[PDB]
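Read the numbers this way: they start at 1 and go in the same order the structure lists the ligands and their atoms. This chain uses plain numbering: 1 for the first residue, then up along the sequence. Only heavy atoms go into these numbers, but all of them, side chains included; no hydrogens, no water, no symmetry mates.
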Amino acid sequence: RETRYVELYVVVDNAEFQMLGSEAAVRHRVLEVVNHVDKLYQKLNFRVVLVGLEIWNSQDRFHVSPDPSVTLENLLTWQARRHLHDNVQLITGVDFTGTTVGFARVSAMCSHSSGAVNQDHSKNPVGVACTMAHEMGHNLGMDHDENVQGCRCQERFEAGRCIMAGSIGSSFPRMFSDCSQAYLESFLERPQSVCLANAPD
Ligand SMILES: CNC(=O)[C@H](Cc1ccccc1)NC(=O)[C@H](CC(C)C)[C@H](CSc1cccs1)C(=O)NO
Ligand SMILES: [Ca+2]
Ligand SMILES: [Cl-]
Ligand SMILES: [K+]
Ligand SMILES: [K+]
Ligand code: NA
Ligand code: NA
Ligand SMILES: [Zn+2]
């Protein structure tokens, strides 16, 4: 099939901003993260392109709660209330309850509820880039590797975990399991996946 493109809109909340210090430090870090996300998805004939960026240097336009569900719902609610993107990814400096660092609306890509929330949990920008690729994967119809029986992951190194494992562990994931790929292909059957057909400029 032809290359698919995610036109991505990133929002950085107040906590994240005050954590990085300045506007340039955030732009630098966002470009880092998005560059790696795009790198991970190139192995799926996917391009992830940043088309918009919003930094809340003063206050958040909605409540970012320690609970990912709340924050995610607040994002989708706030977003709906314009642009032209396919997907919205929130990056926060708020530490989510427990060990949770990401949450997403499943199979919502291209819909009005197309979004996810990501905590910048690691000094390495790769940390939040893998989380977002994972979350973005949910938006694209992917489940956890452990929820698909006989799912095969071709990661030869570390613990052999892939991007869509329900837990990161001690090493950041690098590839997509075979079930990830299969589920993404199924999602690309849905007529709603049409918004991924347009290559930006
Ligand atoms: C470093 N932290 C982790 O590895 C935790 C570990 C964990 C696993 C299960 C339950 C709670 C915590 N995993 C996540 O943060 C997942 C995202 C990662 C894999 C990118 C995240 C867990 S989902 C929920 C957790 C609690 C309520 S809902 C997920 O699946 N989003 O897509
Ligand atoms: Ca599009
Ligand atoms: Cl989720
Ligand atoms: K890596
Ligand atoms: K999967
Ligand atoms: Na936490
Ligand atoms: Na891992
Ligand atoms: Zn998940």
Visitor: So which protein heavy atom does atom 16 (C) of ligand 1 come closest to, and at what separation?
Guide: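 Result for atom 16 (C) of ligand 1: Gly166 O, 3.9 Å.
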Visitor: Less than 3.5 Å apart, which donor and acceptor atoms pair up between the side chains of residues 15-26 and the rest of the protein, not counting sequence neighbours?
Guide:
| residue | atom | partner | partner atom | Å |
| --- | --- | --- | --- | --- |
| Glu23 | OE1 | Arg27 | NH1 | 2.8 |
| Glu23 | OE1 | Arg27 | NH2 | 3.0 |

Visitor: Quick one: closest heavy-atom pair of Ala104 and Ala116, and the distance?
Guide: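 Closest approach of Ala104 to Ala116, heavy atoms only: CB-CB, 3.5 Å.
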Visitor: Is there a heavy atom in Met164 that sits closer than 4.0 Å to ligand 1?
Guide: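 The answer is no: ligand 1 sits nowhere under 4.0 Å from a heavy atom of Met164.
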Visitor: Give the ring-plane orientation class for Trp56 versus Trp78, where under 30° counts as parallel, over 60° as perpendicular and anything between as tilted.
Guide: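 The arrangement is perpendicular - the two ring planes meet at more than 60°.
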Visitor: Does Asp86 reach the main-chain N or O of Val6 with its side chain, forming a donor-acceptor pair under 3.5 Å?
Guide: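 No, the answer is negative, given that no donor and acceptor are paired below the 3.5 Å cut-off.
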Visitor: Is any side-chain N of the basic residue among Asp38 and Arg47 closer than 4.0 Å to the acidic one's carboxylate O?
Guide: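 Looking at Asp38 and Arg47, the cut-off is met.
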Visitor: Under the 3.5 angstrom rule, does the side chain of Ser111 hit a backbone N or O of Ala108 as a donor-acceptor pair?
Guide: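 Confirmed, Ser111 side chain pairs with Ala108 backbone.
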Visitor: Answer whether the closest heavy-atom distance between the side chains of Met164 and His138 falls below 4.5 Å.
Guide: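 Side chain of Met164 against side chain of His138, heavy atoms only: contact under 4.5 Å found.
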Visitor: Who's the nearest protein heavy-atom neighbour of atom 20 (C) of ligand 1, and how far?
Guide: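 Heavy-atom neighbour on the protein nearest atom 20 (C) of ligand 1: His134 CG, 3.8 Å.
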Visitor: Within the distance-only criterion (no hydrogens, no angle test), does the side chain of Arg61 pair as donor or acceptor with the backbone N or O of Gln59 below 3.5 angstrom?
Guide: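 Yes, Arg61 side chain to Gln59 backbone: donor-acceptor pair under 3.5 Å.
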Visitor: What is the nearest protein non-hydrogen atom to atom 21 (C) of ligand 1, stated with its residue, atom name and distance?
Guide: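 Sorting protein heavy atoms by distance from atom 21 (C) of ligand 1 puts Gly102 O, 3.4 Å first.
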Visitor: Could you list the atoms of ligand 1 found under 4.0 angstrom from a heavy atom of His144?
Guide: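 Contacts of ligand 1 toward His144, numbered from 1: 29 (C), 30 (O).
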Visitor: Pull out every atom of ligand 1 sitting under 4.0 Å from any heavy atom of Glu135, numbered as shown with elements.
Guide: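 Under 4.0 Å from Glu135, ligand 1 has these atoms: 31 (N), 32 (O).
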Visitor: With nothing but distance in play, are any N or O atoms of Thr131 less than 3.5 Å from an N or O of ligand 1?
Guide: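 Checking ligand 1 against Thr131, no N or O pair falls under 3.5 Å apart.
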Visitor: Using atom types as modelled and distance alone, determine if a side-chain donor or acceptor of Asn147 lies under 3.5 Å from a backbone N or O of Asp143.
Guide: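 No; zero donor-acceptor contacts below 3.5 Å.
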Visitor: Can you list the atoms of ligand 1 that are under 4.0 Å from a heavy atom of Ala165?
Guide: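 Near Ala165, the atoms of ligand 1 are 19 (C).
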Visitor: Find, among atoms of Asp143 that are N, O or S, the one nearest to the K ion (ligand 5), and state its name.
Guide: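 Nearest N/O/S atom of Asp143: O.
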Visitor: Against heavy atoms of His138, which atoms of ligand 1 measure under 4.0 Å?
Guide: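 That gives atoms 32 (O) of ligand 1.
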Visitor: Is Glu185 paired with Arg1 through a side-chain N to carboxylate O contact shorter than 4.0 Å?
Guide: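 Yes, charged N to carboxylate O under 4.0 Å.
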Visitor: Anything protein N, O or S sitting under 3.0 Å from the Na ion (ligand 7): count it and give me the total.
Guide: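 Considering protein N, O and S only, the Na ion (ligand 7) has 2 within range.
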Visitor: What protein heavy atom sits nearest atom 15 (O) of ligand 1, and how far away is it?
Guide: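 Result: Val101 N, 2.9 Å.
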Visitor: Do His144 and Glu146 meet the criterion of a side-chain donor-acceptor pair at a distance under 3.5 Å?
Guide: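 Short answer, yes.
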Visitor: How close do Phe172 and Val126 get, heavy atom to heavy atom, and via which atoms?
Guide: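 What the structure gives for the nearest pair is CD1-CG1, 3.8 Å.
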Visitor: With a 3.5 Å distance limit and no angle check, can you tell me whether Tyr9 reaches the backbone of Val51 through a side-chain donor-acceptor pair?
Guide: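 Side chain of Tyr9 to backbone of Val51: no pair is present.
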Visitor: Could you tell me, atom by atom, which parts of ligand 1 come under 4.0 Å of a heavy atom of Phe103?
Guide: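 So the atoms of ligand 1 that pass are 28 (S).
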Visitor: Ignoring hydrogens, tell whether any protein atom lies closer than 4.0 Å to atom 1 (C) of ligand 1; use the non-hydrogen atoms only.
Guide: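 Protein heavy atom within 4.0 Å of atom 1 (C) of ligand 1: present.
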Visitor: Compute the centroid of each ring, for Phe176 and then for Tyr41, and state whether the two points are separated by less than 6.0 Å.
Guide: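 Between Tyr41 and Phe176, which both carry aromatic rings, the centre distance is below 6.0 Å.
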Visitor: Give the residue and atom name of whichever protein heavy atom lies nearest to atom 4 (O) of ligand 1, and the separation in Å to one decimal.
Guide: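 Answer, as residue, atom name and distance: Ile168 N, 3.0 Å.
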Visitor: Please list the nearest protein heavy atom to atom 12 (C) of ligand 1 with its residue and the distance rounded to 0.1 Å.
Guide: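 For this ligand atom, the closest protein heavy atom is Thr99 OG1, 3.2 Å.
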Visitor: Report the nearest protein non-hydrogen atom to atom 25 (C) of ligand 1: residue, atom name, distance rounded to 0.1 Å.
Guide: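 The closest heavy atom on the protein side is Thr100 OG1, 2.8 Å.
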